[PDB]
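> Any chance you can model this:
(chains A, B, C, D, E, F, G, H, I, J, K and L)
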Amino acid sequence: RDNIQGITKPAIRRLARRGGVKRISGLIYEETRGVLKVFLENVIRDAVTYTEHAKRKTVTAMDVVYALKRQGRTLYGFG
Amino acid sequence: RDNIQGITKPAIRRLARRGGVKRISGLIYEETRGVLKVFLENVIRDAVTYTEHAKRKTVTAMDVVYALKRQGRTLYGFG
Amino acid sequence: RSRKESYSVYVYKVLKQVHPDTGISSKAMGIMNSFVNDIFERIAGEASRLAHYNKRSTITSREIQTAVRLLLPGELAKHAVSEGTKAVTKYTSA
Amino acid sequence: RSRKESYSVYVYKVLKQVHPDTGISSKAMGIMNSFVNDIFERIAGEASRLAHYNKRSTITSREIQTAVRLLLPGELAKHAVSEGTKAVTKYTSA
Amino acid sequence: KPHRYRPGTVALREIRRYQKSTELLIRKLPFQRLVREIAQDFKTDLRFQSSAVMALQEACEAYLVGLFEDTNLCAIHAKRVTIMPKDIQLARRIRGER
Amino acid sequence: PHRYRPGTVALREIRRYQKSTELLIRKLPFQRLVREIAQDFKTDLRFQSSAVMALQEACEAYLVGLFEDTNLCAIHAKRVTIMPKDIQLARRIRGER
Amino acid sequence: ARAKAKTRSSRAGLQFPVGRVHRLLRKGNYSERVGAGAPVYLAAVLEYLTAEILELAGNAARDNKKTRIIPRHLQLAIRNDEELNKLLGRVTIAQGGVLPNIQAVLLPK
Amino acid sequence: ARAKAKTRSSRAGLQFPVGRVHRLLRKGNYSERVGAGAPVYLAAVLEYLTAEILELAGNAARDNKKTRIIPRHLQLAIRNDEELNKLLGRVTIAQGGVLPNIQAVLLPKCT
Amino acid sequence: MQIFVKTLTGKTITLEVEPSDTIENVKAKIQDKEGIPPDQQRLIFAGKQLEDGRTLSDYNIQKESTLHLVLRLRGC
Amino acid sequence: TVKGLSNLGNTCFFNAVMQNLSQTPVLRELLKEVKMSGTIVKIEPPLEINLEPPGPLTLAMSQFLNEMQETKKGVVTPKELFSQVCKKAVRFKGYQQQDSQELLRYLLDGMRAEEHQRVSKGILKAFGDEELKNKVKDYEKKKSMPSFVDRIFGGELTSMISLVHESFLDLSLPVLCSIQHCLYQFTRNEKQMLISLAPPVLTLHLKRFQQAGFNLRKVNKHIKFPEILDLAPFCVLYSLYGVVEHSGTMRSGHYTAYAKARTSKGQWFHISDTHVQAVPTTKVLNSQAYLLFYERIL
DNA sequence: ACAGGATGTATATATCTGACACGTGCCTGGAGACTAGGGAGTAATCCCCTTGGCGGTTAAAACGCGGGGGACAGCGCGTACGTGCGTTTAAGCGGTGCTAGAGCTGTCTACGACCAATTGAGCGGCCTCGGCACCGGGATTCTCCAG
DNA sequence: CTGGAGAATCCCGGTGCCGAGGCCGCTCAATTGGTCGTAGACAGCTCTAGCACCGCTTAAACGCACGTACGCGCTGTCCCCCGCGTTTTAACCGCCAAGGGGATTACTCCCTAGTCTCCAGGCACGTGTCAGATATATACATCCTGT
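Numbering: from 1, shown residues only, chains lettered A, B, ... in the order given. Sharing the structure here:
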């Protein structure tokens, strides 16, 4: 565990900078990682159920992008 | 002509209070008119396209429901 | 004089099976029919899509179960999966 | 040793036709391929949907025209219907 | 001496009134006139079904109610109770229609 | 001594990161995070590098969109500093909660 | 004189039809061949979903002291359950209304 | 010794394949039968769309004075055109980035 | 056909073209006798900016015409 | 009343062109006829067609001037207008820097273009072929449609060699000292250029930019300019009401605008984006003017 | 507003370097010719539903006036967060080796489409009664004012 | 902060209305029984890629000082919106009348599926060149302090 803390303060800061944020309050570093994590169990759940239905032991880029597609978040650049 | 003004101020107030709004500014009404007009342009365009595809010039409820569905606004109660 | 089909009879039997002394409105009948049709279309589309993913040409109960897991969340999903497995087992036994 | 299928050759031909002296990255080619597949799937699904909607059994140029009008709005639809009509007219005449 | 409610109490009362009922909050004839006028821009002298216009009415009221709920949430976020139009733009952009 | 007043370096970071396209999240901790999140769904899975890269692309795009939405929300709130309340308001409006 | 025809719904102990679901899958343009268990599984899933929909609708109706299920009861039942709200968060119910809620800030103080 | 087989793409004067899209429609399980002009129409629409995308990408690359189109150029071309943005509003492109913009409030005052 | 061009300092120079020419060719002829690079070159005909990809005849430019050549200036 | 304009980060040039344009009274009345009504105009075959509503480019322009006077606040945000421009030319999308004169030219012909297009599109949609549609454009492009801008800034220039008539909207004066001296520099015989139709409002530009060989440097030399000019020898008195001043070089610069707030002479108010400052006419004459706007008086 | 210095930043030149347009050989999917079969295009018809109109009611929409509350501008203060600097730390590379399983190939068999005969279940219609809308009256409760 | 007035709301009782429930033809779609061609299950082989580790660089992450710009709290205001009484108007309901367009039925015939043959277009694989990355020295822009 504890890798959720691996999503560091500078990483969140530069993500917000790309998003266009001037300054960030200190209570947001604990919220962005939570919402990001929620997105993760939303996506990898579908990914792993695709893999399980495919009788496969590994997770493929096809499965990831296609589980993304079924959530209205289509991805280009991975087939 | 000039039927957007048929959308009455008390009707807007009733709709907003069904939405749970306490106080409504005076500037809200014309923008609600505009938003509703834009929504009608979005929906009736597809509805009339559906009708003309069948070589019939009578707009049925089925076409309206289907145009609603294709916009991610599925409606129940009309078959 | 075309004949139109709906799930009114089936949902009516289900309604008396759950609540023996409760009625249903005609307007609610159309709503239930629309709900059943929407869920049917969702599950069938997902099953066909998965069959396409796996280079598969047959829709069997496995991808039906996978589509149910995809659509229905959590408690609802696993209870529906249990019901489907029980129904399939009973059909095979019969 | 499977055989893989893509639109890369045709995309390159169109690129040479529009910009005679411009290259393209391999990554960009994959993005273009994914875009082409996505648009094709959208249009084909809409056309098949229309066919089932109108109790029809065959997809013709009219259903694809209607699907283009539904999916692409405004000037894109305006130009795309013209391109499709001129292409099908040329094909019929040839 | 006339009897007057404090500003807001009858607003809450009729909010509760309209949140418990399910009739149609827009008038049928002006709504049909608006629908026909805006449909004239696509195909000439079309004809509409009563069920079709009722479905359009249903969708219209549902969409407007949802938008009003979102804009009320935005206004309450802004530390205020009165909705001004900028809340409408905020809601419609965060939703993704603009 | 030379010293930039607060705000200008932030502006240059915004105009710089809005120009580049590389991955802003470190690949190894992101991989560890996704691997532990996949742990409770099923045991001892294997992941393709392309799959992990696609996941990271999707997560970063989603977070950038959410940050744009929350910046608009904070500006609507007549502020310049974003706060988590804007975050859950954006989530609520976008139907995510 | 072959045998008494037992419908597949009775074979699986279900009220929803199996043959009709199979026909809809076949003519619904999904696959050229459909497995035997797929219509049974789909019918069971639909029966279950309608079962809790009607159960929650009946509970809501009895809470309002009425003996008929109406779109208002259906809307209340759908929006009260979090799982069903997630399932049907993008679906509009005609003559359904909205759940009564007022934010605490708007309440008098 | 039958005839010089002219491809249907040349018959319709299209660069995109017609036989390939017809095969995809037939084997893609969208309908039991497909009309003759349907693949031609679909190929024409796809060719027009990709032509517009490539033209916009080329203009974007020229504006950035590179001779090769990359995903950044594709992203810029897609998003600066509001029509293509609406068409592909729910699409995320790898190595696409975001448009350079800053809200006017964040900008500092000047004199 | 013969059309005059006014440069930055204001002097007038005679140019020769045909209606089938494009603005790519127009600025290319400027390279030969002026040396100003195309990417800041811009010409004005009857108060209208000339889109580069179009053709001269569509702008209804006749003989003895004059073009207005200016540069782009940056200022914030 | 004069009011400030909220800069978007680099639109000081766009802010300035709005401010001096805001002091054009004649443009106010014409836009009122533009929006309403859609009167039917009949043209004999070389066609009674109603007028389409003005396009958003002319629309957002029209409402912009109403907030100049009606709105009580002293700061106005022209976000919509520049956004309307954004789709018109892709070069304005973003925060890359642009120039005052260049913005005006698309701003000007864009006004007539919607009039050029929406009128031509009106008959085509009422009557329905592509060849006919091209023919409608072909007839109009060879025709001189009396646009509203052509009735405010539209002028006709005549060049002798052989008399050739060319319409114009602005003057780009070469720079080698008064603005009149530049005016004389425009009309030497080489080949003489003379105006026969003086526009009601005159827009004049000074070419302070020039490349010394391979060196691009801005001419910082101040030019002397009066409030009144006699244009009869160049064809007439025109009163100065709008002045654009640039502060910087070809790469880095700053645009400031001067306006005449009138319903004898008065009053000049310095505009610096959101900063509004009252200034005497003498300081205006001492400003590093870049664009000149003059009004018909006789 | 101007000057100067510190500091990022675009740009030209060189030079490596790896991605790319081109050439080659091979394979199967596309094209062509022929044949059958059924799906929709056309036309006529039958009649269900839409449009349109008209007239009377009354409840909703407009208008208006007072007044109160809250949106907004302004001021002050305290804190927290951006900016910079010195000290880790581990992310990355690259280089190595290992093996798990993903994909391909070949057999084989259970199964789902198919056709023909049989039949009964739901659909449309046609009654019949209990849920419910409506109207009126009494109990309940929230508000609002004064004290 | 604690009580009456009053007005809106809700529950209850009687009444008439009609929409939901039960019952009756009947027809099409479900069922049943053989039959066959095929798609999918299964075992084995391979070799691709994920896994894991180990050692070295250094840029990124981290912790801390500060001080300043921002968020928040308080206050005044005055202007906009809510609550209410009058008056008007058109939405709504009820009913009538036409006809116009939607839904079938018959026929066909023309378009598309299917099969076989032929081969040329598309794809995997080497391959030398040119666009891009990197280094570095620039001129240049921008911000900060001082005045």
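> residues contacting residue C:58?
Counting by C-beta atoms under 8 Å, 6 or more residues apart in numbering or on different chains, residue C:58 touches C:51, G:31, G:33, G:34, G:35. For every residue, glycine as well, the C-beta is placed using N, CA and C.
> Report the buried members of the residues you listed.
C:51, G:31, G:34, G:35 (16 or more other C-beta atoms under 10 Å in any protein chain shown).
> Which single one of the residues you listed is nearest to chain H?
Comparing these against chain H with C-beta to the nearest C-beta places residue G:31 closest, at 6.6 Å.
> doesn't residue C:50 make contact with the closest one?
No. Residue G:31 is not in contact with residue C:50 according to C-beta atoms under 8 Å; the separation is 10.5 Å.
> What about the buried ones among the contacts of residue C:58, which are in helices?
Under the assignment DSSP state H, those contribute residue C:51 to helices.
> So which of the buried ones among the contacts of residue C:58 belong to strands?
residue G:34 (DSSP state E).
> what would the buried ones among the contacts of residue C:58 look like in CSV with distance to chain F?
CSV is the format used below for the buried ones among the contacts of residue C:58 (distance: C-beta to the nearest C-beta, whole Å):
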residue, distance to chain F
C:51, 22
G:31, 27
G:34, 28
G:35, 25
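> among the contacts of residue C:58, which are in reach of chain I?
Residues of the contacts of residue C:58 in contact with chain I (C-beta under 8 Å from any C-beta of the partner chain): none.
> May I see those residues organised as a markdown table, with distance to chain A added?
A markdown table is the format used below for those (distance: C-beta to the nearest C-beta, whole Å):
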| residue | distance to chain A |
| --- | --- |
| C:51 | 10 |
| G:31 | 15 |
| G:33 | 18 |
| G:34 | 17 |
| G:35 | 14 |
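> List just the nearest of those to chain J.
residue C:51 (43.8 Å).
> Test my guess that the closest one contacts residue G:31.
Yes. Contact criterion C-beta under 8 Å: residue C:51 and residue G:31 qualify, at 5.7 Å.
> Now do the shared contacts for the two.
C:57, C:58, C:59.
> Among those residues, which one lies nearest to chain D?
For these, the nearest to chain D is residue C:59 (16.5 Å; C-beta to the nearest C-beta).
> show me what contacts the closest one?
By C-beta under 8 Å, 6+ apart, the neighbours of residue C:59 are C:44, C:47, C:48, C:51, G:25, G:30, G:31, G:33, G:34, G:35, G:38.
> Need the max-distance pair from these.
Using C-beta to C-beta, the pair of the contacts of residue C:59 lying farthest apart is C:44 and G:33, separated by 14.1 Å.
> before we move on, the earlier item: can you lay out the shared contacts of residue C:51 and residue G:31 as TSV showing distance to residue F:37?
Below are the shared contacts of residue C:51 and residue G:31 laid out as TSV (distance: C-beta to C-beta, whole Å):
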residue	distance to residue F:37
C:57	34
C:58	33
C:59	31
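> mind putting those residues in a markdown table, secondary structure included?
Output for the shared contacts of residue C:51 and residue G:31, formatted as a markdown table (DSSP: H, G, I helix; E, B strand; the rest coil):
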| residue | secondary structure |
| --- | --- |
| C:57 | coil |
| C:58 | strand |
| C:59 | strand |
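> show me where chain A has strands.
A:23-24, A:58-59, A:74-76.
> cool, chain I as well?
I:2-6, I:12-16, I:42-45, I:48-49, I:66-70.
> among these, which is nearest chain H?
strand I:42-45 (15.2 Å).
> tell me the helices in chain G, going along the chain?
Using DSSP H, helices in chain G cover G:8-11, G:19-27, G:37-63, G:71-80, G:82-87.
> DNA strand L is nearest to which of the ones you listed?
helix G:19-27 (2.6 Å; C-beta to the nearest atom of the strand).
> Contact partners for the nearest residue to residue C:36 once chain neighbours are set aside?
In space, and not counting its chain neighbours, residue C:36 is closest to residue C:7: 4.9 Å by C-beta to C-beta, 6 or more residues apart in numbering or on different chains. Shown in contact with residue C:7 (C-beta under 8 Å, 6+ apart): C:32, C:33, C:36, G:16.
> Could I get the contacting residues of the closest residue to residue E:52 other than its chain neighbours?
Nearest residue to residue E:52, sequence neighbours excluded (C-beta to C-beta, 6+ apart): residue B:61, at 4.2 Å. Contact partners of residue B:61, counting by C-beta under 8 Å, 6+ apart, are B:78, B:79, E:49, E:51, E:52, E:54, E:55.
> Same question for residue E:96.
Contacts of residue E:96 (C-beta under 8 Å, 6+ apart): F:94, H:89.
> Could you count how many residues lie near the one residue in chain J that gets nearest to chain D?
Closest to chain D within chain J is residue J:130: 8.7 Å, counting by C-beta to the nearest C-beta. Around residue J:130 there are 8 other residues, counting by other C-beta atoms under 10 Å in any protein chain shown.
> The one 4 residues further on too?
Residue crowding around residue J:134 was assessed by other C-beta under 10 Å; the count is 10.
> now it: how far from residue A:54?
56 Å (C-beta to C-beta, to the nearest Å).
> Check residue J:57 too.
54 Å.
> Residue G:32 now?
In terms of C-beta to C-beta, residue G:32 sits 21 Å off from residue A:54.
> Between these two, which is the more surrounded one?
residue A:54 (18 against 11).
> List the residues that contact the nearest residue to that one once chain neighbours are set aside.
With C-beta to C-beta, 6+ apart as the criterion, residue A:54 has its nearest non-adjacent residue at 5.8 Å, and that residue is residue C:54. Going by C-beta under 8 Å, 6+ apart, residue C:54 touches A:53, A:54, C:63.
> Could you double-check that the last one lies in contact with residue C:53?
Meaning residue C:63. No. Assessed by C-beta under 8 Å, residue C:63 is found out of contact with residue C:53, at 9.1 Å.
> nearest residue to the residue of chain G found nearest chain J other than its sequence neighbours?
Ranking the residues of chain G by distance to chain J (C-beta to the nearest C-beta) places residue G:105 first, at 28.5 Å. Of all residues not flanking residue G:105 in the chain, residue E:76 sits nearest, at 5.2 Å (C-beta to C-beta, 6+ apart).
> Then residue J:20?
With C-beta to C-beta, 6+ apart, the residue lying closest to residue J:20 is residue J:242, at 3.5 Å.
> Confirm the one you found sits in a strand?
Yes. Counting by three-state DSSP, residue J:242 falls inside a strand.
> So which residues of chain C form helices?
C:8-18, C:26-53, C:61-71, C:74-93.
> what do you get for the stretch 1-150 of chain J?
Using DSSP state H, counting those that start in this stretch, the helices of the stretch 1-150 of chain J run over J:12-22, J:25-35, J:56-69, J:79-88, J:100-127, J:130-141.
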